[PDB]
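Just the one chain here, the form solved without the partner chain, laid out as structure tokens.
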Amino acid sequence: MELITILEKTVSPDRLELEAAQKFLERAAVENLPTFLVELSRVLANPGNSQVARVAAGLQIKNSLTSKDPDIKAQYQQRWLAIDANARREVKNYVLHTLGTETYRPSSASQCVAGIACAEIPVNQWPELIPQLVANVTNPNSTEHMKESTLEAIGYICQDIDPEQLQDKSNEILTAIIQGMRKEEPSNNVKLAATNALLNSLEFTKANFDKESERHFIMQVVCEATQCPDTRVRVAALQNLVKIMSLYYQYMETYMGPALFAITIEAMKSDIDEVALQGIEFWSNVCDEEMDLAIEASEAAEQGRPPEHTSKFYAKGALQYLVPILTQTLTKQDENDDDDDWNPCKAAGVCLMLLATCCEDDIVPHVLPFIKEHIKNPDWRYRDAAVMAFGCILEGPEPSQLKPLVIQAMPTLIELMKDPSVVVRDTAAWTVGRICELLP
């Protein structure tokens, strides 16, 4: 039986087939592992093989170098480190060769590279790997498939290996990563992979963001990537904008007004959930930040010293624009339930709530007008919106400021509790369930 054949039977629809292929490949790993890893790795490398087999092979390598279970993961990484060095050099090569020689899109090689780098970079046993990959991205004569395969591998390593293990090689990786995102880069498949690796590289790139020169460049490449017509990129591009807002709030005052604001706001409005959800996520992070900041401030006040860092009250500022966009998104509610299911609505709720606890004061006045106008609306959607909007701001604003509004609204509220709509009925239950638990 050629290995190719067994690899293939791991997808066979026949339940027996599946079985055999599985036990045969399971014994192999536990009884001829060095050989097994070499053959497999040889399969993965030959463009003459089927997407099916090439991929099955790759998986078998990954599943022998990593697990989701921490205890097994180490065991495997130990088992590998203790294999003959040459055999591991032989495998390390076929894998690394495969880069750029794959037809199918999700690179079966990338997983392998990370699965080994994860066990060898920490004991300096594969020092060629990083500079190598960095080159595949930076050599101009490099094929697109090369740059994509590689950028994906960089991403997995950036993702599965401790960030401290790459702090000394940040610069190189960042260059290669940003290279794949430049406007000039043709293939969006590459631009995607590159942007996806950048997301995991933020943790160990602090050095770079602190240098006004470089950071200024990164925000450009990221911002321009949010324009890429390939949605898939536009999403990952915003994903970085969000994670950055979190890690580098202090450096943002330069980009916030002249670009970030417009981008994220349009983002919260695209009909494409995947996108909207990211725009929302953005501000929800600004809030977490500006609240922790207000706390740090309240603590330095009781020390007679200015606070280390300072809020710029972006949330409080965008409040006039955020609220109407959020309340309206509370309209686009999915009729057949998406119960826990994270859609633009559920998120726009959580956000409004975060705003209310972040601007205990300024919030109520921007939301109220919407509530009053649509509380008695014929459309169950806009109605439910008003009901939710109200129950959202119930936490944060001074109790004294809320009590009058509660009481003067309690009538129509309790009535909504038995509204014809089954959705308004649950919402009205929640809002009322809050007006209690929050203030008897």
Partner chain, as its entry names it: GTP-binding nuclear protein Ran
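Positions refer to the first chain, counted from 1.
The same protein also exists as the form deposited with the partner chain bound; that form is not shown, yet it is the one meant from here on.
Review point. Taking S270, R305 and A389 as the candidate spot, are all three within 4.5 angstroms of the partner chain in the deposited bound form by heavy atoms?
Key: Heavy-atom distance to the partner chain in the deposited bound form: none of the three under 4.5 Å.
Check your understanding: Just to confirm, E290 within 4.5 Å of the partner chain in the deposited bound form by heavy atoms?
Key -> No - in the deposited bound form, heavy atoms of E290 and the partner chain never come within 4.5 Å of each other.
Review point. Using heavy atoms and a 4.5 Å limit, would one call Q60 a contact residue for the partner chain in the deposited bound form?
Key: Within the cut-off, so yes.
**Study point:** 4.5 Å heavy atom contact, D71 to the partner chain in the deposited bound form
**Key:** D71: no, not in contact with the partner chain in the deposited bound form.
Exercise for review: Spell out, yes or no, whether the shortest heavy atom distance between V52 and the partner chain in the deposited bound form is within 4.5 Å.
Suggested key: Result yes; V52 sits at the interface with the partner chain in the deposited bound form.
Check your understanding: Only one of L133, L277, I121, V323 has a non-hydrogen atom within 4.5 angstroms of the partner chain in the deposited bound form; which is it?
Key -> Of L133, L277, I121, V323, the residue with a heavy atom within 4.5 Å of the partner chain in the deposited bound form is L277.
Point to revise | Residue (of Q77, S311, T329, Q111) lying close to the partner chain in the deposited bound form, criterion heavy atoms within 4.5 Å | key: Partner contact (heavy atom, 4.5 Å) among the options: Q111.
Check your understanding: Can you say which of 124 to 132, 315 to 323, 361 to 369, 229 to 237 gets within 4.5 Å of the partner chain in the deposited bound form, counting heavy atoms only?
Key -> So the stretch in question is 229 to 237.
Practice item. Heavy atoms within 4.5 Å of the partner chain in the deposited bound form is the criterion; list the residues of 6 to 31 that meet it. Key: Heavy-atom contacts to the partner chain in the deposited bound form: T10, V11, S12, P13, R15, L18, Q22.
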